[PDB]
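Raw contents of upload26.txt, compact mmCIF, C-alpha atoms:
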```
# COMPACT_ATOMS: atom_id res chain seq x y z
CA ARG Z 1 36.36 78.21 73.16
CA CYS Z 2 37.15 76.70 69.72
CA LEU Z 3 35.26 73.93 67.90
CA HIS Z 4 37.04 70.60 67.41
CA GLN Z 5 36.34 67.70 65.05
CA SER Z 6 37.46 64.20 65.94
CA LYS Z 7 36.23 60.67 66.50
CA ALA Z 8 35.18 59.11 69.79
CA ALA Z 9 35.18 55.50 71.00
CA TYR Z 10 34.07 54.15 74.38
CA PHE Z 11 34.84 51.49 76.99
CA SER Z 12 32.93 49.24 79.38
CA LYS Z 13 31.90 50.65 82.73
CA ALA Z 14 34.51 48.43 84.44
CA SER Z 15 37.29 50.25 82.56
CA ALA Z 16 35.61 53.50 83.63
CA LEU Z 17 35.14 52.60 87.31
CA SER Z 18 38.74 51.34 87.26
CA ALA Z 19 41.22 54.04 88.14
CA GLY Z 20 42.21 56.53 85.44
CA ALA Z 21 45.30 58.70 85.12
CA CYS Z 22 43.86 61.65 87.10
CA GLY Z 23 43.71 59.64 90.33
CA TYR Z 24 39.98 60.17 90.95
CA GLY Z 25 39.50 56.43 91.47
CA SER Z 26 35.88 55.54 92.11
CA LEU Z 27 35.06 59.21 92.78
CA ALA Z 28 35.28 59.77 89.01
CA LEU Z 29 31.74 58.47 88.49
CA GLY Z 30 30.14 61.04 90.77
CA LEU Z 31 32.45 63.82 89.61
CA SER Z 32 31.38 63.43 85.97
CA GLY Z 33 27.76 62.36 86.53
CA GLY Z 34 28.55 59.05 84.88
CA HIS Z 35 29.86 60.92 81.81
CA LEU Z 36 33.58 60.42 82.26
CA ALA Z 37 36.04 60.36 79.37
CA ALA Z 38 39.67 59.68 78.51
CA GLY Z 39 41.29 62.44 76.45
CA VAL Z 40 44.40 62.66 74.29
CA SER Z 41 47.62 64.18 75.59
CA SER Z 42 46.81 67.73 74.45
CA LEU Z 43 43.65 67.54 76.56
CA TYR Z 44 45.08 65.58 79.50
CA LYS Z 45 47.84 68.23 79.68
CA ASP Z 46 49.86 66.01 82.04
CA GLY Z 47 47.05 66.07 84.58
CA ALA Z 48 46.30 69.79 84.27
CA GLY Z 49 43.34 68.82 82.10
CA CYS Z 50 41.81 66.63 84.81
CA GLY Z 51 38.22 67.64 85.34
CA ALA Z 52 37.94 69.63 82.12
CA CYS Z 53 34.30 69.68 80.97
CA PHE Z 54 33.27 69.34 77.33
CA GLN Z 55 30.14 69.46 75.21
CA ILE Z 56 30.40 66.59 72.73
CA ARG Z 57 28.04 65.45 69.99
CA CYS Z 58 28.31 62.93 67.19
CA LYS Z 59 27.70 63.33 63.48
CA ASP Z 60 25.62 60.28 62.42
CA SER Z 61 22.50 62.07 61.16
CA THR Z 62 20.15 59.20 62.05
CA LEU Z 63 21.50 58.32 65.48
CA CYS Z 64 22.87 61.53 67.04
CA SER Z 65 21.10 64.36 68.80
CA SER Z 66 21.97 67.94 67.95
CA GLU Z 67 22.60 68.99 71.55
CA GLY Z 68 24.96 66.10 72.34
CA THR Z 69 25.96 65.73 75.99
CA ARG Z 70 28.40 66.81 78.70
CA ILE Z 71 31.61 64.89 79.47
CA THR Z 72 34.37 65.29 82.05
CA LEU Z 73 38.02 64.39 81.43
CA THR Z 74 39.17 61.86 84.05
CA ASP Z 75 41.74 59.77 82.17
CA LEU Z 76 44.41 59.89 79.49
CA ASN Z 77 43.55 58.30 76.15
CA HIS Z 78 46.55 56.36 74.81
CA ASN Z 79 45.06 55.20 71.51
CA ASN Z 80 46.36 56.77 68.34
CA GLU Z 81 42.84 57.07 66.85
CA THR Z 82 40.45 59.29 68.80
CA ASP Z 83 40.52 62.43 70.90
CA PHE Z 84 38.12 60.87 73.42
CA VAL Z 85 37.22 57.44 74.73
CA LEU Z 86 33.97 57.93 76.64
CA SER Z 87 32.17 55.87 79.19
CA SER Z 88 29.31 53.72 77.92
CA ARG Z 89 26.87 56.16 79.53
CA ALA Z 90 28.49 59.19 77.88
CA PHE Z 91 28.51 57.51 74.46
CA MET Z 92 24.82 56.55 74.75
CA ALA Z 93 23.93 60.06 75.94
CA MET Z 94 25.02 61.40 72.51
CA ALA Z 95 22.18 59.62 70.72
CA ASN Z 96 18.61 60.73 70.14
CA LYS Z 97 16.13 59.50 72.75
CA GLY Z 98 15.58 55.77 72.35
CA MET Z 99 18.65 55.27 70.18
CA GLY Z 100 21.24 54.72 72.93
CA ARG Z 101 21.55 50.99 72.32
CA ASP Z 102 21.70 51.73 68.59
CA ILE Z 103 24.70 54.06 68.87
CA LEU Z 104 26.59 51.58 71.08
CA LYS Z 105 26.66 49.24 68.05
CA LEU Z 106 28.96 51.60 66.10
CA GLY Z 107 31.93 51.47 68.50
CA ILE Z 108 33.41 54.70 67.04
CA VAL Z 109 31.62 57.73 65.66
CA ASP Z 110 32.69 61.09 64.31
CA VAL Z 111 32.24 63.78 66.95
CA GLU Z 112 32.37 67.51 67.42
CA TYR Z 113 33.23 69.05 70.76
CA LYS Z 114 34.12 72.19 72.68
CA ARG Z 115 35.46 72.97 76.13
CA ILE Z 116 32.80 74.40 78.47
CA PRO Z 117 32.54 75.62 82.08
CA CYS Z 118 32.25 72.98 84.76
CA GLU Z 119 29.30 73.62 87.09
CA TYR Z 120 29.01 71.98 90.51
CA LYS Z 121 25.71 73.36 91.85
CA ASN Z 122 25.97 74.28 95.56
CA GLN Z 123 29.50 72.77 95.74
CA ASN Z 124 32.79 74.60 96.15
CA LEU Z 125 36.22 73.54 95.06
CA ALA Z 126 37.15 70.83 97.53
CA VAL Z 127 40.43 69.32 98.70
CA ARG Z 128 40.57 65.59 99.47
CA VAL Z 129 43.34 64.16 101.65
CA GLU Z 130 44.76 61.16 99.84
CA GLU Z 131 45.38 57.91 101.68
CA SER Z 132 49.09 57.94 100.86
CA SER Z 133 49.56 60.95 103.16
CA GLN Z 134 51.47 60.46 106.43
CA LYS Z 135 49.90 63.02 108.75
CA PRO Z 136 52.93 64.97 110.03
CA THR Z 137 55.57 64.37 107.34
CA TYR Z 138 53.79 64.04 104.00
CA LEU Z 139 50.58 65.51 102.54
CA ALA Z 140 48.94 64.34 99.29
CA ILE Z 141 45.75 66.11 98.22
CA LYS Z 142 43.37 65.78 95.29
CA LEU Z 143 41.42 68.72 93.91
CA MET Z 144 37.70 68.00 93.49
CA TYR Z 145 34.89 69.93 91.81
CA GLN Z 146 37.11 72.40 89.99
CA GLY Z 147 34.58 74.80 88.45
CA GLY Z 148 34.92 77.03 85.43
CA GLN Z 149 37.07 76.49 82.37
CA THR Z 150 40.71 76.80 83.40
CA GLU Z 151 43.71 75.02 84.91
CA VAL Z 152 45.47 75.12 88.24
CA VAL Z 153 49.07 75.51 87.10
CA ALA Z 154 50.74 76.14 90.49
CA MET Z 155 49.74 75.81 94.14
CA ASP Z 156 50.92 77.14 97.53
CA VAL Z 157 50.36 75.98 101.10
CA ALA Z 158 50.86 77.72 104.44
CA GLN Z 159 49.57 77.58 107.98
CA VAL Z 160 46.28 79.43 108.42
CA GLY Z 161 47.24 82.96 109.39
CA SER Z 162 50.90 82.48 108.46
CA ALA Z 163 52.75 84.29 105.71
CA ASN Z 164 55.30 81.47 105.14
CA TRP Z 165 54.09 80.14 101.78
CA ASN Z 166 55.71 77.24 99.98
CA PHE Z 167 54.74 75.41 96.87
CA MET Z 168 53.02 72.07 96.27
CA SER Z 169 54.03 69.75 93.46
CA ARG Z 170 51.64 68.15 91.04
CA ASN Z 171 52.57 64.53 91.68
CA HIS Z 172 50.30 63.06 88.97
CA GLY Z 173 46.83 63.71 87.64
CA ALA Z 174 44.81 65.93 89.96
CA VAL Z 175 46.98 64.85 92.94
CA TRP Z 176 49.36 67.40 94.51
CA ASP Z 177 51.71 66.80 97.42
CA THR Z 178 54.51 68.08 99.64
CA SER Z 179 56.84 66.66 102.24
CA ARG Z 180 57.35 70.11 103.80
CA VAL Z 181 53.96 70.21 105.57
CA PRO Z 182 53.27 73.23 107.83
CA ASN Z 183 51.86 72.54 111.27
CA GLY Z 184 48.29 73.21 112.21
CA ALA Z 185 45.44 74.19 109.95
CA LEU Z 186 46.36 74.80 106.31
CA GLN Z 187 45.45 77.35 103.68
CA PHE Z 188 46.10 77.22 99.94
CA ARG Z 189 46.68 79.56 97.04
CA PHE Z 190 46.09 78.44 93.46
CA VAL Z 191 47.43 79.93 90.26
CA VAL Z 192 44.70 79.71 87.66
CA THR Z 193 44.66 80.93 84.08
CA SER Z 194 42.24 83.76 83.26
CA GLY Z 195 42.32 84.71 79.62
CA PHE Z 196 46.07 84.46 79.08
CA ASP Z 197 47.12 85.68 82.53
CA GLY Z 198 47.85 83.99 85.81
CA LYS Z 199 45.38 84.68 88.59
CA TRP Z 200 45.70 83.84 92.27
CA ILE Z 201 42.77 82.26 94.12
CA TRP Z 202 43.19 82.40 97.88
CA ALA Z 203 41.56 79.70 100.03
CA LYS Z 204 41.98 81.12 103.54
CA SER Z 205 40.80 78.04 105.50
CA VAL Z 206 40.83 74.54 103.98
CA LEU Z 207 42.39 71.81 106.12
CA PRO Z 208 41.82 71.66 109.88
CA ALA Z 209 44.76 71.07 112.17
CA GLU Z 210 43.62 67.48 112.67
CA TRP Z 211 43.09 66.65 109.00
CA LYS Z 212 42.33 63.00 108.21
CA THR Z 213 42.97 60.88 105.15
CA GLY Z 214 39.94 59.94 103.09
CA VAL Z 215 38.08 63.18 103.92
CA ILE Z 216 36.99 65.77 101.36
CA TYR Z 217 37.29 69.32 102.74
CA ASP Z 218 35.37 72.36 101.48
CA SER Z 219 37.96 74.92 100.35
CA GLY Z 220 35.56 77.87 100.73
CA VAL Z 221 36.11 79.00 97.12
CA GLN Z 222 35.13 78.11 93.57
CA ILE Z 223 36.75 78.84 90.20
CA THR Z 224 34.86 80.59 87.39
CA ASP Z 225 37.76 81.72 85.19
CA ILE Z 226 38.16 80.88 81.51
CA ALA Z 227 41.52 80.27 79.82
CA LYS Z 228 41.68 81.54 76.24
CA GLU Z 229 42.32 78.98 73.47
```
If you convert what's in this file into structure tokens, what do you get?
Amino acid sequence: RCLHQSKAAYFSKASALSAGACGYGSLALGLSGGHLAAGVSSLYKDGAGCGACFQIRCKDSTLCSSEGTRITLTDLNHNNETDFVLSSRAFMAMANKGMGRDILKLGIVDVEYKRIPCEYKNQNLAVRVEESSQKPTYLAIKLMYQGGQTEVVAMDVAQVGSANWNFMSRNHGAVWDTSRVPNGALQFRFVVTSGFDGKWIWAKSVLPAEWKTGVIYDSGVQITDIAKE
């Protein structure tokens, strides 16, 4: 990881709860522990950045703690001013104890941040079936709890136990889909970046034959790889 200098602003919780570019919807609050953030294009990475974890701290010597806090990218920041726009909770969490309301007064603050491994204790990478799916003909899925410090750059699906693999498309954000949906239970393969190289992660059993929309399915795997910067 490198060390980056920028500014950060923040938005009301209603802008946070409201759906961001990654497609997490209301699940974004739990995913980030309340510490969700919108990031500029080079961090959003056209949705590949979704779920990237950061350590961020601010530089006001009176108001800011030295440790800072953790944030999770769940949105794309459109402003031409800051690298991040944090949730209210994330912004407050940057201050010394007792100074949360004080730091909120600033609106913007200089910050310093680095990419760090995401850690979902006792929780594997999971695959949620999005409501826009149409069970036989069309499958839309959303990756949840992507651990480590890397990016899923390509993705394959196939019937459990089949060798006929065919690719998924990143539709937008953390949402991938296909309208060539194999029958029966489904297995996935992810291309992840480790150092500079591609690495395959094989999830042998993910979606049951009778998969339902709105359900989050344990993929049986977790990512720990780190992409060089």
Any chance you could tabulate, as a tab-separated table, the residues of region 115-173 of chain Z at most 6 Å from region 51-59 of chain Z with each one's nearest atom pair and distance in Å to one decimal, using only C-alpha atoms, in chain and rising number order?
```
residue	atom	partner	partner_atom	distance
Z:115	CA	Z:54	CA	4.4
Z:116	CA	Z:54	CA	5.2
Z:118	CA	Z:53	CA	5.4
```
Any idea what the distance is between CA of residue 71 (chain Z) and CA of residue 50 (chain Z)?
11.6 Å
Using all atoms listed in the file, determine which residues lie at most 7 Å from residue 169 (chain Z), disregarding the query and same-chain residues fewer than 4 positions distant; provide the list as a list in words.
residues 176, 177 and 178 of chain Z
Distance in Å - CA of residue 39 (chain Z) versus CA of residue 113 (chain Z):
11.9 Å
Please list as a VMD selection string every residue within 8 Å of region 77-90 of chain Z, counting only C-alpha atoms and excluding residues in the same chain fewer than 2 positions away.
chain Z and resid 6 to 13 16 34 to 41 69 to 71 75 92 to 94 104
Take the residues from that selection and write them out as a PDB file, keeping the file's coordinate frame, keeping C-alpha atoms.
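And here's part_32.pdb as it stands now:
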```pdb
ATOM      1  CA  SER Z   6      37.460  64.200  65.940  1.00  0.00           C
ATOM      2  CA  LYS Z   7      36.230  60.670  66.500  1.00  0.00           C
ATOM      3  CA  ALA Z   8      35.180  59.110  69.790  1.00  0.00           C
ATOM      4  CA  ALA Z   9      35.180  55.500  71.000  1.00  0.00           C
ATOM      5  CA  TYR Z  10      34.070  54.150  74.380  1.00  0.00           C
ATOM      6  CA  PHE Z  11      34.840  51.490  76.990  1.00  0.00           C
ATOM      7  CA  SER Z  12      32.930  49.240  79.380  1.00  0.00           C
ATOM      8  CA  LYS Z  13      31.900  50.650  82.730  1.00  0.00           C
ATOM      9  CA  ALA Z  16      35.610  53.500  83.630  1.00  0.00           C
ATOM     10  CA  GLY Z  34      28.550  59.050  84.880  1.00  0.00           C
ATOM     11  CA  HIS Z  35      29.860  60.920  81.810  1.00  0.00           C
ATOM     12  CA  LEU Z  36      33.580  60.420  82.260  1.00  0.00           C
ATOM     13  CA  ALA Z  37      36.040  60.360  79.370  1.00  0.00           C
ATOM     14  CA  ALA Z  38      39.670  59.680  78.510  1.00  0.00           C
ATOM     15  CA  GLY Z  39      41.290  62.440  76.450  1.00  0.00           C
ATOM     16  CA  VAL Z  40      44.400  62.660  74.290  1.00  0.00           C
ATOM     17  CA  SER Z  41      47.620  64.180  75.590  1.00  0.00           C
ATOM     18  CA  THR Z  69      25.960  65.730  75.990  1.00  0.00           C
ATOM     19  CA  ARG Z  70      28.400  66.810  78.700  1.00  0.00           C
ATOM     20  CA  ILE Z  71      31.610  64.890  79.470  1.00  0.00           C
ATOM     21  CA  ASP Z  75      41.740  59.770  82.170  1.00  0.00           C
ATOM     22  CA  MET Z  92      24.820  56.550  74.750  1.00  0.00           C
ATOM     23  CA  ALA Z  93      23.930  60.060  75.940  1.00  0.00           C
ATOM     24  CA  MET Z  94      25.020  61.400  72.510  1.00  0.00           C
ATOM     25  CA  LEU Z 104      26.590  51.580  71.080  1.00  0.00           C
TER      26      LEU Z 104
END
```
Using all atoms of region 116-124 of chain Z that appear in the file, construct an axis-aligned enclosing box with 4 Å of padding on every side and provide its centre coordinates and edge lengths in Å, rounded to one decimal, as JSON.
```
{"center_x": 29.3, "center_y": 73.8, "center_z": 87.3, "size_x": 15.1, "size_y": 11.6, "size_z": 25.7}
```
Shell of 8 Å around residue 185 (chain Z), all atoms listed in the file, local chain residues under 2 positions omitted, as a VMD selection string
chain Z and resid 159 to 160 183 187 205 to 211
Give me the region 200-222 of chain Z side of the contact with region 140-150 of chain Z, cut-off 12 Å, one line per residue showing its nearest atom pair and distance in Å at one decimal, counting only C-alpha atoms, sorted by chain and residue number, as JSON lines.
```
{"residue": "Z:206", "atom": "CA", "partner": "Z:141", "partner_atom": "CA", "distance": 11.3}
{"residue": "Z:207", "atom": "CA", "partner": "Z:141", "partner_atom": "CA", "distance": 10.3}
{"residue": "Z:211", "atom": "CA", "partner": "Z:141", "partner_atom": "CA", "distance": 11.1}
{"residue": "Z:212", "atom": "CA", "partner": "Z:141", "partner_atom": "CA", "distance": 11.0}
{"residue": "Z:213", "atom": "CA", "partner": "Z:140", "partner_atom": "CA", "distance": 9.1}
{"residue": "Z:214", "atom": "CA", "partner": "Z:141", "partner_atom": "CA", "distance": 9.8}
{"residue": "Z:215", "atom": "CA", "partner": "Z:141", "partner_atom": "CA", "distance": 10.0}
{"residue": "Z:216", "atom": "CA", "partner": "Z:144", "partner_atom": "CA", "distance": 8.2}
{"residue": "Z:217", "atom": "CA", "partner": "Z:144", "partner_atom": "CA", "distance": 9.4}
{"residue": "Z:218", "atom": "CA", "partner": "Z:144", "partner_atom": "CA", "distance": 9.4}
{"residue": "Z:219", "atom": "CA", "partner": "Z:143", "partner_atom": "CA", "distance": 9.6}
{"residue": "Z:220", "atom": "CA", "partner": "Z:145", "partner_atom": "CA", "distance": 12.0}
{"residue": "Z:221", "atom": "CA", "partner": "Z:147", "partner_atom": "CA", "distance": 9.8}
{"residue": "Z:222", "atom": "CA", "partner": "Z:147", "partner_atom": "CA", "distance": 6.1}
```
Using only C-alpha atoms: which of Z:175, Z:154, Z:29, Z:2 has the shortest distance to residue 199 (chain Z)
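The answer is Z:154, which sits nearest to residue 199 (chain Z).
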Could you pull region 56-87 of chain Z out of the structure I just pasted and write it to a file containing N, CA and C atoms, as a PDB file, in the first residue's frame?
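Listed below is the output, decode.pdb:
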```pdb
ATOM      1  N   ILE Z  56      -8.323   5.858   7.247  1.00  0.00           N
ATOM      2  CA  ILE Z  56      -8.314   7.284   6.958  1.00  0.00           C
ATOM      3  C   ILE Z  56      -8.194   8.054   8.270  1.00  0.00           C
ATOM      4  N   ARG Z  57      -7.380   9.107   8.262  1.00  0.00           N
ATOM      5  CA  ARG Z  57      -7.311   9.991   9.414  1.00  0.00           C
ATOM      6  C   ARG Z  57      -7.113  11.422   8.942  1.00  0.00           C
ATOM      7  N   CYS Z  58      -7.552  12.369   9.760  1.00  0.00           N
ATOM      8  CA  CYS Z  58      -7.519  13.766   9.360  1.00  0.00           C
ATOM      9  C   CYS Z  58      -6.361  14.478  10.059  1.00  0.00           C
ATOM     10  N   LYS Z  59      -6.079  15.700   9.607  1.00  0.00           N
ATOM     11  CA  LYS Z  59      -4.830  16.369   9.942  1.00  0.00           C
ATOM     12  C   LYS Z  59      -4.990  17.627  10.799  1.00  0.00           C
ATOM     13  N   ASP Z  60      -6.199  17.944  11.266  1.00  0.00           N
ATOM     14  CA  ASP Z  60      -6.378  18.986  12.276  1.00  0.00           C
ATOM     15  C   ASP Z  60      -5.799  18.500  13.603  1.00  0.00           C
ATOM     16  N   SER Z  61      -4.747  19.173  14.083  1.00  0.00           N
ATOM     17  CA  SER Z  61      -3.992  18.671  15.234  1.00  0.00           C
ATOM     18  C   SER Z  61      -4.812  18.685  16.519  1.00  0.00           C
ATOM     19  N   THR Z  62      -5.760  19.613  16.637  1.00  0.00           N
ATOM     20  CA  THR Z  62      -6.611  19.641  17.821  1.00  0.00           C
ATOM     21  C   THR Z  62      -7.665  18.545  17.770  1.00  0.00           C
ATOM     22  N   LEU Z  63      -8.313  18.381  16.622  1.00  0.00           N
ATOM     23  CA  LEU Z  63      -9.546  17.612  16.554  1.00  0.00           C
ATOM     24  C   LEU Z  63      -9.345  16.136  16.212  1.00  0.00           C
ATOM     25  N   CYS Z  64      -8.252  15.772  15.547  1.00  0.00           N
ATOM     26  CA  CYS Z  64      -8.135  14.464  14.910  1.00  0.00           C
ATOM     27  C   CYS Z  64      -7.298  13.504  15.738  1.00  0.00           C
ATOM     28  N   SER Z  65      -7.749  12.257  15.817  1.00  0.00           N
ATOM     29  CA  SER Z  65      -6.936  11.216  16.421  1.00  0.00           C
ATOM     30  C   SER Z  65      -5.818  10.808  15.474  1.00  0.00           C
ATOM     31  N   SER Z  66      -4.806  10.149  16.044  1.00  0.00           N
ATOM     32  CA  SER Z  66      -3.683   9.685  15.243  1.00  0.00           C
ATOM     33  C   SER Z  66      -4.012   8.389  14.515  1.00  0.00           C
ATOM     34  N   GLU Z  67      -4.834   7.534  15.123  1.00  0.00           N
ATOM     35  CA  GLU Z  67      -5.186   6.259  14.512  1.00  0.00           C
ATOM     36  C   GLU Z  67      -6.196   6.418  13.385  1.00  0.00           C
ATOM     37  N   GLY Z  68      -7.039   7.452  13.431  1.00  0.00           N
ATOM     38  CA  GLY Z  68      -8.076   7.589  12.421  1.00  0.00           C
ATOM     39  C   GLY Z  68      -9.144   6.521  12.571  1.00  0.00           C
ATOM     40  N   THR Z  69      -9.667   6.040  11.441  1.00  0.00           N
ATOM     41  CA  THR Z  69     -10.733   5.042  11.460  1.00  0.00           C
ATOM     42  C   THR Z  69     -10.744   4.268  10.145  1.00  0.00           C
ATOM     43  N   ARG Z  70     -11.549   3.203  10.125  1.00  0.00           N
ATOM     44  CA  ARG Z  70     -11.767   2.397   8.927  1.00  0.00           C
ATOM     45  C   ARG Z  70     -12.977   2.891   8.132  1.00  0.00           C
ATOM     46  N   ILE Z  71     -12.860   2.855   6.804  1.00  0.00           N
ATOM     47  CA  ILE Z  71     -13.958   3.189   5.906  1.00  0.00           C
ATOM     48  C   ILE Z  71     -14.032   2.144   4.796  1.00  0.00           C
ATOM     49  N   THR Z  72     -15.220   2.022   4.201  1.00  0.00           N
ATOM     50  CA  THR Z  72     -15.463   1.079   3.114  1.00  0.00           C
ATOM     51  C   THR Z  72     -16.094   1.813   1.936  1.00  0.00           C
ATOM     52  N   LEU Z  73     -15.492   1.673   0.756  1.00  0.00           N
ATOM     53  CA  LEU Z  73     -16.019   2.329  -0.439  1.00  0.00           C
ATOM     54  C   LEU Z  73     -17.328   1.671  -0.870  1.00  0.00           C
ATOM     55  N   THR Z  74     -18.412   2.453  -0.917  1.00  0.00           N
ATOM     56  CA  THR Z  74     -19.701   1.948  -1.365  1.00  0.00           C
ATOM     57  C   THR Z  74     -20.356   2.830  -2.414  1.00  0.00           C
ATOM     58  N   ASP Z  75     -19.702   3.905  -2.834  1.00  0.00           N
ATOM     59  CA  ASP Z  75     -20.310   4.859  -3.738  1.00  0.00           C
ATOM     60  C   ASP Z  75     -19.214   5.511  -4.563  1.00  0.00           C
ATOM     61  N   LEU Z  76     -19.632   6.234  -5.595  1.00  0.00           N
ATOM     62  CA  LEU Z  76     -18.716   7.015  -6.405  1.00  0.00           C
ATOM     63  C   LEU Z  76     -18.898   8.480  -6.043  1.00  0.00           C
ATOM     64  N   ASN Z  77     -17.794   9.143  -5.725  1.00  0.00           N
ATOM     65  CA  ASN Z  77     -17.786  10.564  -5.408  1.00  0.00           C
ATOM     66  C   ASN Z  77     -17.631  11.355  -6.700  1.00  0.00           C
ATOM     67  N   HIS Z  78     -18.644  12.166  -7.019  1.00  0.00           N
ATOM     68  CA  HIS Z  78     -18.645  12.990  -8.224  1.00  0.00           C
ATOM     69  C   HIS Z  78     -18.014  14.359  -8.041  1.00  0.00           C
ATOM     70  N   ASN Z  79     -17.808  14.820  -6.805  1.00  0.00           N
ATOM     71  CA  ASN Z  79     -17.368  16.197  -6.639  1.00  0.00           C
ATOM     72  C   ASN Z  79     -15.956  16.333  -7.182  1.00  0.00           C
ATOM     73  N   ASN Z  80     -15.602  17.539  -7.585  1.00  0.00           N
ATOM     74  CA  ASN Z  80     -14.243  17.748  -8.068  1.00  0.00           C
ATOM     75  C   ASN Z  80     -13.372  18.376  -6.988  1.00  0.00           C
ATOM     76  N   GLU Z  81     -13.459  17.873  -5.746  1.00  0.00           N
ATOM     77  CA  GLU Z  81     -12.833  18.523  -4.594  1.00  0.00           C
ATOM     78  C   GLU Z  81     -12.145  17.563  -3.626  1.00  0.00           C
ATOM     79  N   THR Z  82     -12.728  16.399  -3.385  1.00  0.00           N
ATOM     80  CA  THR Z  82     -12.174  15.478  -2.408  1.00  0.00           C
ATOM     81  C   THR Z  82     -12.068  14.084  -2.991  1.00  0.00           C
ATOM     82  N   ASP Z  83     -11.155  13.299  -2.415  1.00  0.00           N
ATOM     83  CA  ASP Z  83     -11.074  11.885  -2.752  1.00  0.00           C
ATOM     84  C   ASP Z  83     -12.224  11.100  -2.146  1.00  0.00           C
ATOM     85  N   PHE Z  84     -12.649  11.471  -0.937  1.00  0.00           N
ATOM     86  CA  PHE Z  84     -13.706  10.767  -0.231  1.00  0.00           C
ATOM     87  C   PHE Z  84     -14.789  11.741   0.206  1.00  0.00           C
ATOM     88  N   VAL Z  85     -16.024  11.241   0.230  1.00  0.00           N
ATOM     89  CA  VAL Z  85     -17.123  11.848   0.968  1.00  0.00           C
ATOM     90  C   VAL Z  85     -17.646  10.752   1.883  1.00  0.00           C
ATOM     91  N   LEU Z  86     -17.433  10.914   3.191  1.00  0.00           N
ATOM     92  CA  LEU Z  86     -17.718   9.878   4.170  1.00  0.00           C
ATOM     93  C   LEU Z  86     -19.134   9.999   4.707  1.00  0.00           C
ATOM     94  N   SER Z  87     -19.585   8.940   5.367  1.00  0.00           N
ATOM     95  CA  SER Z  87     -20.800   9.087   6.143  1.00  0.00           C
ATOM     96  C   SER Z  87     -20.520   9.979   7.357  1.00  0.00           C
TER      97      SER Z  87
END
```
